[PDB]
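This report refers to the structure that appears directly beneath it.
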Amino acid sequence: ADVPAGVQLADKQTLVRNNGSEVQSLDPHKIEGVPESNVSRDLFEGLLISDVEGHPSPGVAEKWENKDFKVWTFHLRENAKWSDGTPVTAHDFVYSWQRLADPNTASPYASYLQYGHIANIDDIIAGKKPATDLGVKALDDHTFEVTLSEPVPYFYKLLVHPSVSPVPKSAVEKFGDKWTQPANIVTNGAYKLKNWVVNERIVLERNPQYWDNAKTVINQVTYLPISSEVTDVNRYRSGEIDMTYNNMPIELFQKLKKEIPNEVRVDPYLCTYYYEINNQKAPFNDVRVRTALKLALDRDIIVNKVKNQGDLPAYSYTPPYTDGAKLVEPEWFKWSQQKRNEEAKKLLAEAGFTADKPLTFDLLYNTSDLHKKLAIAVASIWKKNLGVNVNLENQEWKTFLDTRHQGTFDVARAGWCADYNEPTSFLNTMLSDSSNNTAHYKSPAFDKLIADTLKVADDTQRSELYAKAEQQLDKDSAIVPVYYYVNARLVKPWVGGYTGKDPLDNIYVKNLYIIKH
């Protein structure tokens with residue numbers, strides 16, 4: 001943390017943050033969500049980290065070079081250490097990236113190494129080659145070298161993500177799935193795990209072995225698992241919570257902007273809220289059905305009437321303000337809602353649905369005040385506009401993500417946030433073989449458009465290809481885009497160091513500080 005000259009620090013440097021739900025895991029290779037990544041950034045540090053404004057900056061690597069954007073060499077700082085005092089070495093990164101790639105680990109982020117094009121990853125994922133054939137090597141204890149199969153100019157931007165953080169081999173090997181318990185875990189970020197009470201709290205304490213420990217200010221941070229946005233706001237206003245999670249309740253938000261304007265932080269955020277359709281299950285394997293659902297949803301009512309938190313109506317998966325996005329707004333988005341409704345009704349009638357044999361399906365969502373109120377609204381809109389009946393089902397976060405990967409569901413509430421600021425952070429998740437593809441969408445035309453992006457060495461051709469890839473996704477109605485999120489959350493006036501400038505919201509508690517109050 002960089003405390004401005006003249007700010008008076010509180011005697012007690014502790015922080016309580018709400019984190020939306022109970023994490024899936026603390027193992028960097030088993031996680032895929034925001035809550036998970038929030039805790040992961042405080043505990044495990046990769047090659048690079050984001051600075052306080054979100055720019056990729058030195059993490060365990062203090063400096064790096066590339067050769068033709070295909071061979072990347074990372075010089076690791078000599079004083080990087082784990083919490084047990086042992087050095088963090090390039091051997092740790094070699095082991096960790098191989099563990100990520102290995103199919104036996106079954107990471108949801110195994111394809112992150114495909115997104116970066118590390119050599120031999122496709123064969124490794126397919127079990128044709130052992131994980132030790134992965135194109136990574138330790139040239140010495142402080143030098144990690146990565147070899148890609150084609151030039152990737154934005155490669156280094158990927159490296160702040162939890163899936164490419166190191167994990168401690170000796171703890172993993174000795175404790176198996178209990179390696180992350182407080183008595184067993186070993187970490188290399190600014191913090192260490194003190195307590196983990198499922199469905200109550202996660203408490204982290206400063207890691208004195210962290211290389212940049214002298215600049216850490218907060219001594220202890222607690223992450224809570226509250227999925228009710230109303231309750232989070234209530235426990236923030238009671239004094240318990242210093243920073244709410246960044247999901248805001250429909251019940252209270254209008255009042256909050258007028259009651260505590262200065263604490264209501266609203267900033268750009270590279271995330272898209274959408275309804276995920278299970279493309280491999282009838283009747284959702286019919287494009288007419290998917291297009292009808294997409295067109296009949298009225299984004300203006302949802303975004304400006306039922307939610308009104310500053311979100312923008314969406315017509316694509318990749319947010320249009322992602323670095324490198326030059327998207328073409330489809331003609332259906334410019335139409336009136338009545339024109340979209342007739343087309344929707346026309347397509348469903350064409351798909352075989354009638355008043356006596358209507359379309360009836362489930363709308364799965366993770367427990368939340370915000371998601372439940374939006375799903376009830378969407379169910380009413382789809383009933384009014386298209387005559388379809390929806391049965392709402394809530395599931396806790398970890399189970400919800402597992403259900404979507406299991407892929408026998410119908411429609412699910414969804415939302416993807418960028419891992420790096422470039423359109424392929426979204427687009428790669430719709431590849432046929434992506435480990436993150438919970439839409440279960442498989443299009444050879446879409447796959448080809450993305451494969452073509454690194455075969456050109458031109459940003460304009462790349463951007464035109466991303467635009468066409470979005471058009472292909474839209475043409476197939478893989479998903480139902482709803483809105484691009486804003487990052488809205490409450491932050492107490494005494495919490496210093498949170499700029500809101502990072503559109504990825506990669507916060508590190510080592511960057512914050514508590515002002516005297």
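Identifiers for the structure tokens are assigned positionally: chains receive A, B, ... in sequence, residues are indexed from 1 per chain, and ligands are indexed from 1 in the order shown.
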So that I can check the secondary structure, give me every residue of stretch 278-378 of chain A assigned alpha helix (DSSP H) by backbone DSSP, as a PyMOL selection string. chain A and resi 287-296+299-300+331-334+337-351+369-378
Surrounding residues of stretch 413-430 of chain A excluding itself and chain neighbours under 2 positions, 6 Å, only C-alpha atoms, as a list in words: residues 157, 158, 270, 271, 272, 273, 274, 275, 276, 318, 323, 324, 365, 434, 436 and 437 of chain A
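For residue A:383, the residues within 12 Å (counting only C-alpha atoms, excluding itself and residues fewer than 2 positions away along the chain) are residues 293, 296, 297, 298, 341, 345, 355, 358, 359, 360, 361, 375, 376, 377, 378, 379, 380, 381, 385, 386, 387, 388, 389, 390 and 391 of chain A.
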re atom CA of residue A:136 and atom CA of residue A:94: distance 6.1 Å
Just checking: using only C-alpha atoms, which residue out of A:34, A:218, A:101, A:509 ends up closest to residue A:398?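 Result for the nearest residue to residue A:398: A:34.
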Identify all residues of stretch 383-474 of chain A in strand (DSSP E) (DSSP on the backbone) and supply them as a PyMOL selection string. chain A and resi 389-395+411-417
Okay, now the selection with N, CA and C atoms, as a PDB file, in the first residue's frame?
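Writing done, so here's again.pdb:
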ATOM      1  N   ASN A 389     -43.411 -20.496 -19.849  1.00  0.00           N
ATOM      2  CA  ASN A 389     -43.508 -20.646 -18.406  1.00  0.00           C
ATOM      3  C   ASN A 389     -42.138 -21.051 -17.859  1.00  0.00           C
ATOM      4  N   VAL A 390     -41.727 -20.398 -16.792  1.00  0.00           N
ATOM      5  CA  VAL A 390     -40.393 -20.748 -16.261  1.00  0.00           C
ATOM      6  C   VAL A 390     -40.497 -21.112 -14.800  1.00  0.00           C
ATOM      7  N   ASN A 391     -39.764 -22.148 -14.419  1.00  0.00           N
ATOM      8  CA  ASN A 391     -39.724 -22.584 -13.029  1.00  0.00           C
ATOM      9  C   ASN A 391     -38.333 -22.178 -12.484  1.00  0.00           C
ATOM     10  N   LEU A 392     -38.393 -21.324 -11.480  1.00  0.00           N
ATOM     11  CA  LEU A 392     -37.149 -20.790 -10.917  1.00  0.00           C
ATOM     12  C   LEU A 392     -36.540 -21.758  -9.937  1.00  0.00           C
ATOM     13  N   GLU A 393     -35.200 -21.902  -9.974  1.00  0.00           N
ATOM     14  CA  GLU A 393     -34.570 -22.789  -8.997  1.00  0.00           C
ATOM     15  C   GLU A 393     -33.303 -22.091  -8.465  1.00  0.00           C
ATOM     16  N   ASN A 394     -33.148 -21.923  -7.152  1.00  0.00           N
ATOM     17  CA  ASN A 394     -31.914 -21.328  -6.653  1.00  0.00           C
ATOM     18  C   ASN A 394     -30.993 -22.429  -6.158  1.00  0.00           C
ATOM     19  N   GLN A 395     -29.675 -22.242  -6.313  1.00  0.00           N
ATOM     20  CA  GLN A 395     -28.676 -23.160  -5.774  1.00  0.00           C
ATOM     21  C   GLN A 395     -27.528 -22.333  -5.192  1.00  0.00           C
ATOM     22  N   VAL A 411     -31.878 -23.264 -18.625  1.00  0.00           N
ATOM     23  CA  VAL A 411     -31.360 -21.921 -18.766  1.00  0.00           C
ATOM     24  C   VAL A 411     -30.790 -21.559 -17.378  1.00  0.00           C
ATOM     25  N   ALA A 412     -29.653 -20.910 -17.318  1.00  0.00           N
ATOM     26  CA  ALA A 412     -29.082 -20.457 -16.069  1.00  0.00           C
ATOM     27  C   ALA A 412     -28.705 -18.985 -16.092  1.00  0.00           C
ATOM     28  N   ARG A 413     -28.964 -18.285 -14.969  1.00  0.00           N
ATOM     29  CA  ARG A 413     -28.472 -16.933 -14.783  1.00  0.00           C
ATOM     30  C   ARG A 413     -26.953 -17.036 -14.918  1.00  0.00           C
ATOM     31  N   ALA A 414     -26.314 -16.050 -15.538  1.00  0.00           N
ATOM     32  CA  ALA A 414     -24.858 -16.134 -15.724  1.00  0.00           C
ATOM     33  C   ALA A 414     -24.195 -14.781 -15.776  1.00  0.00           C
ATOM     34  N   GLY A 415     -22.849 -14.786 -15.712  1.00  0.00           N
ATOM     35  CA  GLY A 415     -22.127 -13.533 -15.740  1.00  0.00           C
ATOM     36  C   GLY A 415     -20.636 -13.873 -15.797  1.00  0.00           C
ATOM     37  N   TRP A 416     -20.019 -13.323 -16.826  1.00  0.00           N
ATOM     38  CA  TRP A 416     -18.576 -13.574 -16.968  1.00  0.00           C
ATOM     39  C   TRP A 416     -17.866 -12.237 -16.831  1.00  0.00           C
ATOM     40  N   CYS A 417     -16.744 -12.214 -16.107  1.00  0.00           N
ATOM     41  CA  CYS A 417     -15.912 -11.050 -15.980  1.00  0.00           C
ATOM     42  C   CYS A 417     -14.536 -11.382 -16.586  1.00  0.00           C
TER      43      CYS A 417
END
Separation of atom CA of residue A:130 and atom CA of residue A:174, in Å? 21.8 Å
Which residues are close to residue A:350, i.e. within 12 Å by only C-alpha atoms, leaving aside same-chain residues fewer than 3 positions away? Reply as an MDAnalysis selection string. chainID A and resid 286:289 291:292 342:347 353:354
How would the residues just chosen look if you wrote them out with N, CA and C atoms as an mmCIF file, in the first residue's frame?
data_model
loop_
_atom_site.group_PDB
_atom_site.id
_atom_site.type_symbol
_atom_site.label_atom_id
_atom_site.label_comp_id
_atom_site.auth_asym_id
_atom_site.auth_seq_id
_atom_site.Cartn_x
_atom_site.Cartn_y
_atom_site.Cartn_z
ATOM 1 N N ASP A 286 -32.361 -26.029 -30.532
ATOM 2 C CA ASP A 286 -33.044 -25.434 -31.659
ATOM 3 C C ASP A 286 -32.769 -23.936 -31.662
ATOM 4 N N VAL A 287 -32.144 -23.381 -32.710
ATOM 5 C CA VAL A 287 -31.862 -21.932 -32.717
ATOM 6 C C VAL A 287 -33.069 -21.035 -32.653
ATOM 7 N N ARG A 288 -34.232 -21.537 -33.127
ATOM 8 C CA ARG A 288 -35.444 -20.718 -33.098
ATOM 9 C C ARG A 288 -35.845 -20.462 -31.649
ATOM 10 N N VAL A 289 -35.739 -21.508 -30.855
ATOM 11 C CA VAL A 289 -36.100 -21.377 -29.430
ATOM 12 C C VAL A 289 -35.138 -20.394 -28.778
ATOM 13 N N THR A 291 -33.276 -17.990 -30.137
ATOM 14 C CA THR A 291 -33.478 -16.640 -30.613
ATOM 15 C C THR A 291 -34.721 -16.010 -30.018
ATOM 16 N N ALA A 292 -35.804 -16.795 -29.860
ATOM 17 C CA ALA A 292 -37.047 -16.266 -29.301
ATOM 18 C C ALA A 292 -36.832 -15.776 -27.881
ATOM 19 N N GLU A 342 -42.909 -10.025 -31.798
ATOM 20 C CA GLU A 342 -43.571 -10.783 -32.882
ATOM 21 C C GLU A 342 -42.645 -11.804 -33.499
ATOM 22 N N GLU A 343 -41.401 -11.393 -33.782
ATOM 23 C CA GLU A 343 -40.396 -12.329 -34.306
ATOM 24 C C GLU A 343 -40.185 -13.503 -33.356
ATOM 25 N N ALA A 344 -40.095 -13.240 -32.052
ATOM 26 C CA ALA A 344 -39.939 -14.288 -31.049
ATOM 27 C C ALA A 344 -41.118 -15.248 -31.084
ATOM 28 N N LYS A 345 -42.330 -14.681 -31.014
ATOM 29 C CA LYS A 345 -43.540 -15.502 -31.043
ATOM 30 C C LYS A 345 -43.594 -16.272 -32.357
ATOM 31 N N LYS A 346 -43.291 -15.576 -33.454
ATOM 32 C CA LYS A 346 -43.246 -16.285 -34.745
ATOM 33 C C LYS A 346 -42.316 -17.474 -34.711
ATOM 34 N N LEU A 347 -41.073 -17.367 -34.235
ATOM 35 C CA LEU A 347 -40.113 -18.451 -34.175
ATOM 36 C C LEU A 347 -40.520 -19.607 -33.280
ATOM 37 N N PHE A 353 -44.422 -24.863 -30.698
ATOM 38 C CA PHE A 353 -45.141 -24.520 -29.485
ATOM 39 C C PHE A 353 -46.445 -23.775 -29.709
ATOM 40 N N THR A 354 -47.449 -24.183 -28.941
ATOM 41 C CA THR A 354 -48.798 -23.616 -28.991
ATOM 42 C C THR A 354 -49.312 -23.263 -27.604
#
Suppose you want the space between atom CA of residue A:482 and atom CA of residue A:366; what is it in Å? 16.6 Å
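Considering only C-alpha atoms, the residue among A:82, A:7, A:161, A:91 positioned nearest to residue A:29 is A:161.
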